[PDB]
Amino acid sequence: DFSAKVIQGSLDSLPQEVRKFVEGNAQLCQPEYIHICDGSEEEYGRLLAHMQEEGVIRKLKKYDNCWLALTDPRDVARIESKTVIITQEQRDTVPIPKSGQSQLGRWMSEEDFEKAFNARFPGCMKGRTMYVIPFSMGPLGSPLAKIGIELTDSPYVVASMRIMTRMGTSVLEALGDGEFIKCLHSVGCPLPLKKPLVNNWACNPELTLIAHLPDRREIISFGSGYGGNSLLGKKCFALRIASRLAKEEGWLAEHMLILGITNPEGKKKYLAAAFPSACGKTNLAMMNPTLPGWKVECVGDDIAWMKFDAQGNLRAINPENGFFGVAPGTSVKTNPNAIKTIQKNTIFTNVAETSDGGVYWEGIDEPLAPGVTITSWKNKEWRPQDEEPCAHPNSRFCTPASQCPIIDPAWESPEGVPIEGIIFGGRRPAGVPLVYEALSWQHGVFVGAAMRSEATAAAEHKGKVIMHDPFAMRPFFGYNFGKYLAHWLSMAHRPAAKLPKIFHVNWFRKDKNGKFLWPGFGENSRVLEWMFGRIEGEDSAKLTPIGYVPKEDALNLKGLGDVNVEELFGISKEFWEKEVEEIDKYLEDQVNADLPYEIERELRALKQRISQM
């Protein structure tokens, strides 16, 4: 009985199964105190002020209620190699790769995990408060919403979860005696500290392990206080666990933005887009269109939960309550709506700070007044000419979604929004045209499966080498990728299903000396215009070996000067021969026995179309 240690709420007021979860882990982790979060403004402000007292965060004086955390440099992003899923059989979690090293997930046996667990969690919260975070993924009363309980010894986690999820007492009241996903987190630094504290950021890099136990409905994360590792509702729950549930239950959990777009004829359509981490999702989702009479509104920027309704419409909700966006590159010119969103009530991690108490990062495009100096993310003085960046490449803002000036009026509608198009894309410097359209659902699933993109700073992958990232979900598959492909393909045999048109984009094609062929950002509205017309049934497409592309003059290029058109839209036989062979060998190695017949067929079909050019 840990009742005596509860400093907010009551164990008696908790639902039966919630009490057992809290108490069992209190027995194991040995916290000094238990704080059951209520999600109130008062709780939030006081916790922020306490972190400020302890030197864990700094207040940003230029803004209304904004804060800055600077981490231990060993804890700065997701670590895919220390992120594991436990199942009875390895093949349920990843396909068995021919080469013996899977690039589609990482499995750990039940036995190996139990040993890892016992080596980490006993006593891990000694001298700390265990915070109990009741959270809902998805709008208030959405039939698509799922609730979790996260236990953590990090106030930083509590604060960020308030922004990124719906959290507090009303969630507990909604849960009742229902099921919840069990999320356990520790920074892994019990008191007294056995190792030095670096930058007042508690973490345990050597023992970092982010584990998922779908058959137990548990997420268990140790050693990292950073975003994707510690905010367990986001990647761990809403993608890894949820994708598996989605498979089981007939829906989809995807690494997708959702946006609403209205044309000059007063018609609105919703689109979803899957681009890899740090490949343009947030920027597209809250785009400021350059084309007159067009408007974009943001439903979500990162995760989509989608389910076909009784009428056959693919209805989507954003399960998150905030944006956890990449900071560097964000500017008034590139993402004006993000800049407006983050002006108040926002937590920044690993960005720079100006002497005026403002935020700073690479690509902010914000000349500072003479005399204003910069403190880098490492808490050292920094000059514009210096070798290293002022902000970490994976620095983040964590901001309430309700503050986006173009948040969609239906972004919290319980039934969700009807998706009419799904867009795939990544960073490809060569060979891949600005936009093309899949020939069929099956072709579209292949296009998703074949996605490749330059590495980014979102995880541990350095350099810019082109990596396979199918459906932008390589770090996030909750189960066997072959079975995931099967699941997607099965949607075509569901009665009444209105299958969205599928497109592939490339914002990132570079010419022969390394400059972008396409301006992008707000100009991407010209591509969305084309997609919108295609959904409407417009005669605006020409057939090519890779799919449909815009006809001559179909794309609105007015005001864009002499854009190098057939360099941007060029399709080389030699490039695509190479491409298809590479896709072939990848799928054979990585997916093997679990590759759906229909994907192999699309591969064969593409190879044949290419062979005839």
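Position 1 is the first residue in the sequence shown; the rest follow in order. Think of the rigid core as the biggest set of C-alphas that the two forms share within 1.5 Å after superposition.
Root-mean-square C-alpha deviation from the shown form, taken over all structures in 7 other deposited structures of this protein superposed by the rigid core, is larger for 93-101 than for the alternative among 412-420 and 93-101. RMS Cα deviation from the shown model in 7 other deposited structures of this protein, rigid core fit, is larger for 365-373 than for the other stretch of the pair 365-373 / 153-161.
When the C-alpha B-factors of 151-159 and 464-472 are averaged, 464-472 comes out higher. Higher mean CA temperature factor between 114-122 and 364-372: 364-372, per the PDB entry.
The top Cα temperature factor in the record, among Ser186, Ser99, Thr346, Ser136, falls on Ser99. Across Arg244, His487, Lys515, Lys268, the entry's maximum B-factor at the CA atom is seen for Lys515. Residue-level temperature factors show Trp67 in the middle third of its chain, judged at the C-alpha atom. When the CA B factors of the chain's modelled residues are split into thirds, the value for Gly444 lands in the lowest one. For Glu297, the recorded CA B-factor ranks within the lowest third of the chain. Only modelled residues enter the ranking. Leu60: CA B factor in the highest third of modelled residues in this chain (values from the PDB entry). For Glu89, the recorded CA temperature factor ranks within the middle third of the chain's modelled residues.
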